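Taken one at a time, structure 1 and structure 2 that follow are two forms of one protein chain, written as structure tokens.
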Structure 1
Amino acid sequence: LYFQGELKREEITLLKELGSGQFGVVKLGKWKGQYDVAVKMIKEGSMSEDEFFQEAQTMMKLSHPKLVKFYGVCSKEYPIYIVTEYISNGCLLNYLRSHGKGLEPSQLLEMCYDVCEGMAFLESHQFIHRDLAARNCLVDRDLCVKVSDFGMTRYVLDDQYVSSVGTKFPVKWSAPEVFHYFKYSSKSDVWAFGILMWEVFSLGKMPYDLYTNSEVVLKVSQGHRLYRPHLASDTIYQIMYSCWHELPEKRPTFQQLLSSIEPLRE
């Protein structure tokens, strides 16, 4: 299956609700009476049409094993359906908090690698993820991690900056240029990927658990960073720590992070 563009609403049966996302409710559904799917239902007003028509006509076409696969959309009226593949083990954040104590460190590293592979593919198409966190990743039957990116991408040419105006996502995953200068760079999601790595090896603990957004911004500016997770070796902490450099120009690309993690795999 592949992104087919527009789909027929009558060919999508809704079975159960998976939860309320950021832009609307997501329901379990059967597509063509054969395929299991997840269906984002966007009420009118809950989403920019410009963003939707840009994402639908460029991002959604990008198919990769580590990105949630888009099958199509129903956009003739509201509520607009965004139909993606269903992921059998659900949200990575929930999975870490429920089954993380039984995962080996090599599996935790494998999750970070999966996310890095998918993000390296978006990076090669000059797209950044504006909210790269464990809450936007999904775990399939093989414990392979897929990145969900709907309504969270933004076209950024390499080494360039763009305005961060738009949906305000949690600042505990945002880089200095975002919360200080209101700009994204082509490596703002690299910073967030370091926070994701911290989530994974912390088994879903909240970063800066005891501190508010105002306190985190202040202390990140002062050089303070997240600590080495209990399950992370010195080398693995060195990787995620490098994502947290103040200057975007001194952060690595997902391709460079891809080559740093490969030697550490099982």
Structure 2
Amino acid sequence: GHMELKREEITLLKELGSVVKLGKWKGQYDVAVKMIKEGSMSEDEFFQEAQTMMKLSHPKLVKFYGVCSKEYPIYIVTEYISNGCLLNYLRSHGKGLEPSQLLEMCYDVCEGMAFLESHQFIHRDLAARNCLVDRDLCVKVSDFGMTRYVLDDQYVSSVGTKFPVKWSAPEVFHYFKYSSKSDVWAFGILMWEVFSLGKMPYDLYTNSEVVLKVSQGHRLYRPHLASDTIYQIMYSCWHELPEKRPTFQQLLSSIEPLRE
């Protein structure tokens, strides 16, 4: 098999986030190394989560390299994505970007998402916070411990980790279910985060308020940087009925003419 890496071939350099560290693998490759402490998660859950991330390999998804599981802390090793978190990037440097570059960020996410959709997986927390920006401003989605298998046009129970409600499809908070399109709703919110340069969606409202207002028909306003056509694409993601929302394949073909 091939998932286990030689721990001695990884030099830990600096803390990236909280714990993820920057490292050098074999004196040649830049890596990001997530530290799993004993008790933070079950070893069975860790193994399943690593195997799934490995399997869902795609240029627009974070590239899993391997694990170091012979002792604690357990390592999950991935590629090192230079520009960090998309949310921080939008907030720090967004103002300088061209609107075509913001649209390109949405296209990257949509491409990675159409891949997950092709394998009947959904991302349970599709948000800027779970996206990483490379040197060229290309976006990669992190799927680690966040995916769920759901048959096309079906529903499954929401039982598991509860993710922020402001990115959740109504079926999630109304019916305690995910649909194969719960993912698509969150993609619209991600698009809104991109075009608003990282503003908090539904800023002035609580989770209980959002749940109620969304149920009433309230949707996020158009960020000024987004064209009318782009806003119409994000809006289409927010249909109350999953069956009325587009697929990531349809979204990809809608985003493409607008220059990818």
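Along the sequence of structure 1, residues get numbers from 1 upward. Superpose the two forms; the largest set of C-alphas matching within 1.5 Å is the rigid core.
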| Only residue that shifts (Cα, 2 Å or more, rigid core superposed) between structure 1 and structure 2, among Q238, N213, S46, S221 | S46
| query | Once the two forms are fit on the core, has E199 moved its CA by at least 2 Å between structure 1 and structure 2? | reply | no
| Against the rigid core, is the Cα displacement of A56 between structure 1 and structure 2 at least 2 Å? | yes
| query | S75: CA shift of at least 2 Å between structure 1 and structure 2 after core fit? | reply | yes
| How many angstrom apart are the two C-alpha positions of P105 between structure 1 and structure 2, if you fit on the rigid core? | 0.6
| Backbone CA shift between structure 1 and structure 2, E11, after core fitting (angstrom) | 2.3
| query | By how many angstrom is the Cα of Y35 displaced between structure 1 and structure 2 when the rigid core is overlaid? | reply | 1.1
